[PDB]
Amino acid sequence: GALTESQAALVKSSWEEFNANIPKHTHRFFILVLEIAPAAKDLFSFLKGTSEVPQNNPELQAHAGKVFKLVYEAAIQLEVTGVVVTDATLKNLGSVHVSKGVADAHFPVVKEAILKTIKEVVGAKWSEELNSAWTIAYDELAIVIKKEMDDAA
């Protein structure tokens, strides 16, 4: 699809709609994770020892917001520039995933949980042209993190 001026306009618009409700969209995002894969729960310090996903845990919210911001920035950078740029942050990201016991096969888990989360966030505006656009941007960003984990291990 590329990333036409018209596709980019569509991701920006849909991310703005996401940030508009962090405690919701972030606790949703963790449940769609634990639905696609239950075991994933022992990984998270703030989920260990718990039974249910905490709803007002700042550690949890801060964590999940950073996740989506990073996917959106990726999409604009693709329409302007044509690419996703790897910086210090993405590199330290890769380290911390490895410490915590995260692998590649975990990533379609978190993608589906993010497409499903954005299809839920935009509702009737949803178009092929938009699904195509977030898919392009996540795939493009995951390519870059997975790269950095492999490197931290």
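Residue numbers run from 1 along the displayed sequence.
When the two stretches 8-16 and 138-146 are set side by side, the higher mean Cα temperature factor goes to 8-16. Per-stretch averaging of Cα B factors for 115-123 and 91-99 places 91-99 on top. Of all the options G49, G65, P54, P108, the entry's greatest CA B-factor is assigned to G49.
Ranked within its chain, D42 lands in the highest third, by CA B factor from the PDB record.
Split the chain's modelled residues into thirds by C-alpha temperature factor. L34 is in the middle one. Compared with the other modelled residues of the chain, the Cα B-factor recorded for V85 ranks in the highest third.
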